[PDB]
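Residue numbers (the numbering used here), protein chains in the order written: chain A, 363 to 607; chain B, 363 to 607; chain C, 363 to 607; chain D, 236 to 457; chain E, 36 to 83; chain F, 36 to 83.
Don't be surprised by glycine CBs; every beta carbon is placed ideally from N, CA and C.
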Amino acid sequence: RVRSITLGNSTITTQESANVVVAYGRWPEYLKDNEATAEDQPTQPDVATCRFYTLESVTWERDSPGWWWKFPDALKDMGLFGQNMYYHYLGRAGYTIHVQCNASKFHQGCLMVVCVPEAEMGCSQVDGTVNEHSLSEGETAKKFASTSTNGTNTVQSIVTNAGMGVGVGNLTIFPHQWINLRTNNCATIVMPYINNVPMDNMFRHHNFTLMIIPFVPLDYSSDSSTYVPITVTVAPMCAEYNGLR
Amino acid sequence: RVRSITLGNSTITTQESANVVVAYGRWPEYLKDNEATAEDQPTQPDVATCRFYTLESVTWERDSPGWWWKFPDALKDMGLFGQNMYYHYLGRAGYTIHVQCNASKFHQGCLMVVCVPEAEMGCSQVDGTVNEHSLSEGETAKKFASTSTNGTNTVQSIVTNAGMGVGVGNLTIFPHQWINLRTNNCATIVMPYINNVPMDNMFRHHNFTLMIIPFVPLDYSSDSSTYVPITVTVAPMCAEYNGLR
Amino acid sequence: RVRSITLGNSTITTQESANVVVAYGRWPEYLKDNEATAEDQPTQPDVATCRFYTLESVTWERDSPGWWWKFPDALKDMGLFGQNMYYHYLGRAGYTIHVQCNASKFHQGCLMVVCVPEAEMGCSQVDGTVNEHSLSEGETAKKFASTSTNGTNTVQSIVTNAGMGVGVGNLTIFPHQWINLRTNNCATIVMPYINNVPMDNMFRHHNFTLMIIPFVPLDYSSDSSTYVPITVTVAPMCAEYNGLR
Amino acid sequence: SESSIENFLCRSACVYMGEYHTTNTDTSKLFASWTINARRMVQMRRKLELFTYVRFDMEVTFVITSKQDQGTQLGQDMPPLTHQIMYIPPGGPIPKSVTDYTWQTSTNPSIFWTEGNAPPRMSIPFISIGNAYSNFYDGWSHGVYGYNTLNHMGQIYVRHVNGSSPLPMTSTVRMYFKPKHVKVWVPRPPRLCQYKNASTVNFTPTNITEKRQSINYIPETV
Amino acid sequence: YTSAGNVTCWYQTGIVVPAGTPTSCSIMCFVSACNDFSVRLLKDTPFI
Amino acid sequence: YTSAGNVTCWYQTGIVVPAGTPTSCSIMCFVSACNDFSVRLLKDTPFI
């Protein structure tokens with residue numbers, strides 16, 4: 363009851379009892395042919411964009427508020443998919459995201475894993491503006507805080523308002539999955555391309571945001587490990603660019 | 363693999379992998395029509411007698427000899443089924459009894475759960491007689507003892523003789539179920555109406571007795587909880603009374 | 363999901379989810395009829411040779427290098443199968459070997475269980491010769507060592523060379539089974555009769571050797587048991603001797 | 236195709252080289268002898284130990300060279316020399332001198348050969364009252380540990396075929412051995428330690444493999 | 036001094052637990068008859 | 036200085052245990068060949 367999956371020259375292993383969320387019922391696909399027939403011809407890499415990219419693990423401790431990543435540009439240094447971001451003026455893609463934990467039966471805790479489109483964030487100063495570095499750091503995660511933040515140009519990252527001004531118990535409206543250390547330790551989310559235009563430039567726009575948020579904190583006792591590792595793996599799907607010839 | 367059961371305005375949740383003992387092979391049912399055709403017409407409530415009634419939980423500790431309840435009159439204060447006990451001169455009913463535990467995989471112990479018809483009990487003084495309060499206290503359980511008791515008018519409640527003068531290892535002759543903390547934590551017993559007349563008065567006769575008896579005591583270690591809770595839930599079935607018109 | 367197996371006047375209990383290795387694809391069987399038709403007539407006991415024989419358990423502690431037994435003559439005192447070894451001049455047989463562990467979910471460790479044909483062993487002194495007592499002690503196991511041994515006439519029993527001069531990580535070439543305390547605790551191996559002649563004398567030749575070797579040592583913590591017991595059970599199959607009339 | 240059993244084992248090799256004289260004052264230097272087994276050739280031994288039971292035929296070719304001893308006497312005019320190569324089956328008479336009666340027994344097959352011609356060659360079948368040979372034996376001979384009598388394969392003896400009072404000469408024989416029509420049973424792990432003698436499996440304990448720098452070390456890529 | 040069969044139980048390995056579980060434990064035996072059981076010559080019981 | 040591929044393993048999360056279980060642990064590797072394996076030019080081995 364273990365499946366082994368190979369994309370390109372990558373191989374990972376999952377359990378065949380996985381559960382998969384397809385975001386709004388829609389699988390990813392190519393914009394078919396004839397939105398812009400004449401002088402808008404696209405191309406597709408399909409070479410080493412369809413392959414598993416694995417980020418660094420994060421460390422879940424007793425007081426961890428949460429983590430977030432921006433897509434794309436979490437992959438702007440990831441081999442070929444990142445090269446294509448510099449060579450081409452427009453693009454699009456869907457994604458498959460796997461999130462996994464490594465824990466024992468003597469640990470306990472609960473995580474929400476959610477993919478949020480257009481996650482526009484607020485500044486720590488009400489009459490201020492957010493910086494580009496405070497929104498993302500690429501393949502390194504940003505951190506939520508457990509109290510309200512200060513300083514100039516920083517996202518106001520108190521975890522109960524999720525940086526967007528809503529109640530964090532209501533983020534289940536988005537494509538999401540629960541990880542309860544008692545019953546499962548994995549989550550797969552398949553995201554299609556969602557925009558109000560068919561293609562776009564991939565450097566000054568963040569299509570979506572992946573967030574991981576503990577709702578019940580990690581607990582252990584006498585001589586268990588004091589942390590739990592979380593691992594994120596991403597495979598781009600049906601990527602497509604403007605033709606160069 | 364969880365089922366949700368609603369009777370009336372009650373809802374409880376069990377596991378679909380439950381095992382059910384039907385007492386002697388016989389499901390409950392109405393005395394059909396014509397034992398006493400002419401001037402013995404019955405009626406049936408079927409209103410809020412068919413509904414789950416939940417008693418208080420009991421606390422299983424390291425030295426717990428056991429618990430017992432008498433039926434009926436464990437339900438003489440339970441809403442409508444108890445009102446009908448005062449308004450009507452004769453009645454009858456079958457029952458469904460659920461018993462559940464809440465324990466971890468780091469606990470251990472073993473319980474017998476048995477339903478005994480006509481459980482006539484002995485006095486602590488050989489030339490004495492038992493009191494009405496020492497036989498039952500309604501929805502509160504009586505307790506077995508681990509040594510032999512004294513005092514006037516009390517049931518002799520040493521647990522090895524079960525208050526009836528038999529060997530307690532032989533109570534498996536009655537409808538019974540085992541709860542081994544290692545393999546399951548629940549037990550369902552369906553009891554029909556058993557008497558030597560078709561109807562009877564429900565105040566001066568105890569049809570049957572529910573007993574719960576630990577055969578291997580509860581054990582735990584360093585910082586587990588020091589007790590385990592047990593919960594009992596009862597649903598009356600096919601209740602029937604003398605007609606009033 | 364438990365099976366109960368009776369051979370003769372013996373009964374043991376296993377799990378129906380067992381996995382069974384048939385050594386080289388070959389089940390045991392009688393040499394059919396006519397290798398040596400005229401004056402070589404065999405006979406078969408089939409009385410109390412087909413029955414479970416259970417040896418003493420061995421004790422797996424934190425520093426246990428391993429154990430080995432020789433077949434036959436691990437059964438030269440085992441009832442009838444041992445009587446037949448003295449009454450008859452030639453014989454043959456196959457075997458079924460069950461190996462079981464008793465451990466909890468708070469223990470950990472890994473064992474290899476392997477059956478090796480013609481396991482000729484080396485002496486602790488390079489210009490020496492091995493003794494008969496140092497090769498086997500019957501139904502008592504010999505022990506591997508964790509460093510290289512000395513003394514005259516002793517098998518050189520450093521566990522990394524398995525007494526045969528090979529690398530112990532390569533014994534998987536033989537019929538073998540893994541026992542990982544995390545996932546299973548039992549192993550069955552069915553061995554046929556393997557020789558370069560059809561029958562043979564059972565006292566001066568060791569057909570095969572059963573070895574049990576920990577690759578990851580036993581580990582436990584605070585107040586678990588400090589040892590784990592291992593149990594070996596053997597049933598001879600299709601035994602056959604020279605006729606006496 | 237090159238990993239089949241026949242292509243892996245059926246190959247020729249020099250397994251014995253010996254010297255013998257026509258005249259001497261030792262009388263054991265007058266003939267050469269060899270017992271057939273495959274345990275004193277270290278490269279063939281290891282390839283054969285990957286299996287527990289073997290069955291093959293043998294083919295033996297002989298390369299023979301002579302020399303006049305540097306003692307003293309020159310000006311000779313000699314005809315070419317003749318040699319006798321005798322095979323003894325298991326359960327046969329063994330010679331002890333070069334003048335013995337056993338060099339004439341009708342059941343010891345023999346080859347007569349004179350120098351200058353092609354090298355001589357004989358073919359021996361599978362000779363065993365058992366059904367296969369064994370490379371490993373966990374038993375007693377009846378008492379030697381690890382030695383069973385079903386593995387006897389015979390012997391070879393070589394002498395000169397002169398008359399009376401011969402002239403001094405020294406010969407060398409090389410025997411080339413090859414198994415044919417081979418079948419093997421029950422594979423085994425490869426020998427990890429060096430061999431110590433020719434009859435036992437004795438060994439000194441050896442390391443499992445060689446070290447590296449750390450459990451993470453991978454060498455820099457070109 | 037019976038002429039009856041017997042049953043015995045032996046420790047093959049020993050009991051192994053993780054950290055935080057009770058150390059000792061228990062076994063229970065149940066007896067019953069199989070369908071082919073027969074009885075003869077009703078008499079008086081020696082217990083009352 | 037090989038021109039060969041490599042394999043590496045990383046801690047994504049860390050190991051988490053309840054109370055009363057051993058703290059450290061182990062991994063084991065097994066290697067084998069798949070059906071499409073070919074060899075050529077029998078030679079002598081460099082080990083004896």
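Inter-residue Cα distance where the pair is residue 468 of chain C and residue 575 of chain B: Working through the third sequence from its first residue, we reach residue 468 of chain C at position 106. Working through the second sequence from its first residue, we reach residue 575 of chain B at position 213. Distance between the alpha carbons of residue 468 of chain C and residue 575 of chain B is about 29 Å.
Inter-residue Cα distance where the pair is residue 571 of chain B and residue 437 of chain B: One-based indexing of the second sequence puts residue 571 of chain B at position 209. One-based indexing of the second sequence puts residue 437 of chain B at position 75. Rounded to the nearest angstrom, the two C-alpha atoms are 13 Å apart.
Simplified DSSP assignment, three categories, for residue 575 of chain C: The count along the third sequence starts at 1 and reaches residue 575 of chain C at position 213. Strand at residue 575 of chain C.
When B:371, B:472 and B:498 are compared against residue 441 of chain B, the one with the closest alpha-carbon: In the second sequence, counting from the first residue as 1, residue 441 of chain B sits at position 79. Checking every option, the nearest Cα to that of residue 441 of chain B belongs to B:371.
C-beta atoms of residue 417 of chain B and residue 501 of chain B nearer than 7 Å: Counting from 1 along the second sequence, the entry for residue 417 of chain B is found at position 55. Counting from 1 along the second sequence, the entry for residue 501 of chain B is found at position 139. Taking 7 Å as the Cβ cut-off, residue 417 of chain B and residue 501 of chain B qualify as a contacting pair.
First through last residue of the beta strand (DSSP E) which encompasses residue 402 of chain D: Within the fourth sequence, numbered from 1, the residue matching residue 402 of chain D stands at position 167. Counting along the chain, residue 402 of chain D sits inside no beta strand (DSSP E), nor does DSSP assign it H or E at all.
For residue 244 of chain D, the nearest candidate out of D:236, D:267, D:282 and D:258 (CA to CA): To locate residue 244 of chain D, count along the fourth sequence from 1; it is residue 9. The shortest CA-to-CA distance from residue 244 of chain D to any of D:236, D:267, D:282 and D:258 is the one to D:282.
Sequence-distant residues of the same chain with beta carbon closer than 7 Å to residue 518 of chain C, five excluded per side: Position 156 of the third sequence, counted from the start, is the residue given in the question as residue 518 of chain C. Counting only Cβ-Cβ distances below 7 Å, and skipping sequence neighbours, we find 484, 485, 486, 510, 511 and 525.
Alpha-carbon spacing of residue 569 of chain C relative to residue 262 of chain D, whole angstroms: If you number the third sequence from 1, residue 569 of chain C lands on position 207. If you number the fourth sequence from 1, residue 262 of chain D lands on position 27. Each residue's Cα considered, the two are about 45 Å apart.
CB contact check: residue 578 of chain B to chain E, cutoff 7 Å: Position 216 of the second sequence, counted from the start, is the residue given in the question as residue 578 of chain B. At a cut-off of 7 Å, the C-beta of residue 578 of chain B has a neighbouring C-beta in chain E.
Contact belief for residue 457 of chain C with residue 599 of chain C at Cβ below 8 Å, rounded distance in angstroms: One-based indexing of the third sequence puts residue 457 of chain C at position 95. One-based indexing of the third sequence puts residue 599 of chain C at position 237. Correct: roughly 6 Å between the Cβ atoms.
Proximity below 7 Å, CB of residue 405 of chain D to CB of residue 300 of chain D: Reading the fourth sequence from its first residue, position 170 is the one you call residue 405 of chain D. Reading the fourth sequence from its first residue, position 65 is the one you call residue 300 of chain D. Their beta carbons are not under 7 Å apart, which means residue 405 of chain D does not touch residue 300 of chain D by this criterion.
Three-state class that DSSP yields for residue 243 of chain D in the structure shown: Looking up residue 243 of chain D in the fourth sequence gives position 8. Helix.
Cutoff 6 Å; reference residue 475 of chain C; Cβ partners in own chain excluding five residues on either side: Numbered from its first residue, the third sequence carries residue 475 of chain C at position 113. Closer than 6 Å at Cβ, skipping near neighbours: 461, 539, 549 and 574.
Delimiting residues of the beta strand (DSSP E) encompassing residue 603 of chain A: Looking up residue 603 of chain A in the first sequence gives position 241. It spans 590–604 - the beta strand (DSSP E) in which residue 603 of chain A sits, taken as one unbroken run.
Interfacial residues, the region 562–594 of chain C to chain F, with Cβ spacing under 8 Å: Close to chain F, meaning a Cβ-Cβ distance shorter than 8 Å, are the following residues of the region 562–594 of chain C: 577, 578, 581, 582, 583, 584, 585 and 586.
Chain F residues whose Cβ lies nearer than 8 Å to that of residue 237 of chain D: Translated into positions along the fourth sequence, residue 237 of chain D becomes position 2. The answer, in chain order, is 74, 75, 76 and 77.
Closer than 9 Å at the beta carbon, the chain F residues around residue 469 of chain A: As a working note, residue 469 of chain A is residue 107 in the first sequence. From the beta-carbon of residue 469 of chain A, the residues of chain F found nearer than 9 Å are 51, 52 and 53.
Straight-line Cα distance separating residue 435 of chain A from residue 479 of chain A: If you number the first sequence from 1, residue 479 of chain A lands on position 117. If you number the first sequence from 1, residue 435 of chain A lands on position 73. In a straight line, the C-alpha of residue 479 of chain A is about 15 Å away from that of residue 435 of chain A.
CB contact check: residue 401 of chain C to chain D, cutoff 7 Å: Residue 401 of chain C sits at position 39 when you count from the first residue of the third sequence. Residue-level contact by beta carbon fails for residue 401 of chain C and chain D, as no gap is shorter than 7 Å.
Rounded straight-line distance, which links the Cα of residue 587 of chain C to that of residue 58 of chain E: Counted from its first residue, the fifth sequence places residue 58 of chain E at position 23. Counted from its first residue, the third sequence places residue 587 of chain C at position 225. Rounded to the nearest whole angstrom, the C-alpha separation of residue 58 of chain E and residue 587 of chain C is 7 Å.
Contact set for residue 577 of chain B: own chain, Cβ-Cβ below 8 Å, skip 5 residues either direction: For the purposes of this step, residue 577 of chain B is taken as the residue at position 215 of the second sequence. The residues are 472, 473 and 474.
Minimum Cβ-Cβ distance from residue 466 of chain C to chain E less than 7 Å: By 1-based counting over the third sequence, the position of residue 466 of chain C is 104. For residue 466 of chain C, the nearest CB of chain E lies under 7 Å from its own CB, placing it at the interface with that chain.
Closest residue to residue 374 of chain C among C:601, C:594, C:607 and C:606 (Cα-Cα distance): As a first step, residue 374 of chain C must be located in the third sequence, where it is residue number 12. Closest by alpha carbon: C:594.
Residue closest to residue 521 of chain A, alpha-carbon to alpha-carbon, out of A:426, A:463, A:554 and A:399: On the first sequence, residue 521 of chain A is found 159 positions in, with the first residue counted as 1. Measuring from the Cα of residue 521 of chain A, the nearest candidate turns out to be A:426.
Residues that residue 297 of chain D bridges to, as DSSP identifies them: Numbered from 1 along the fourth sequence, position 62 holds the residue referred to as residue 297 of chain D. Beta-bridge pairing links residue 297 of chain D to D:410.
Proximity of residue 56 of chain E and residue 463 of chain C at Cβ, strictly below 7 Å: Position 21 of the fifth sequence, counted from the first residue, corresponds to residue 56 of chain E. Position 101 of the third sequence, counted from the first residue, corresponds to residue 463 of chain C. Contact: no.
Cβ-based burial, residue 315 of chain D [other Cβ within 10 Å; buried from 16]: Counting from 1 along the fourth sequence, the entry for residue 315 of chain D is found at position 80. Per the 10 Å Cβ criterion, exposed.
Beta-ladder partner(s) of residue 383 of chain C, from DSSP: Residue numbering aside, residue 383 of chain C sits at position 21 when the third sequence is read from its first letter. For residue 383 of chain C, DSSP records a beta bridge to C:551.
Three-state class that DSSP yields for residue 271 of chain D in the structure shown: Here residue 271 of chain D refers to the residue found at position 36 of the fourth sequence. Residue 271 of chain D falls in the coil class under three-state DSSP.
Cβ pair residue 390 of chain D, residue 443 of chain D closer than 7 Å: Taking the fourth sequence and counting its residues from 1, one reaches residue 390 of chain D at position 155. Taking the fourth sequence and counting its residues from 1, one reaches residue 443 of chain D at position 208. No.
Counted within 10 angstroms of its Cβ, other Cβ atoms place residue 83 of chain F as buried (16 or more) or exposed: The sequence position of residue 83 of chain F within the sixth sequence is 48, counting from 1. Result: exposed.
Neighbour flag for residue 281 of chain D against chain F, beta carbons, 7 Å: For this step, residue 281 of chain D is matched to residue 46 along the fourth sequence. By this cut-off, residue 281 of chain D is an interface position.
Limits of the unbroken alpha helix (DSSP H) element including residue 445 of chain B: To locate residue 445 of chain B, count along the second sequence from 1; it is residue 83. Residues 441–449.
Within-7 Å CB hit, residue 48 of chain F to chain A: Counted from its first residue, the sixth sequence places residue 48 of chain F at position 13. True, the Cβ-Cβ gap to chain A drops below 7 Å.
Residues near residue 393 of chain D in its chain [Cβ-Cβ closer than 6 Å; skip 5 each side]: The count along the fourth sequence starts at 1 and reaches residue 393 of chain D at position 158. 267, 320 and 408, listed in sequence order.
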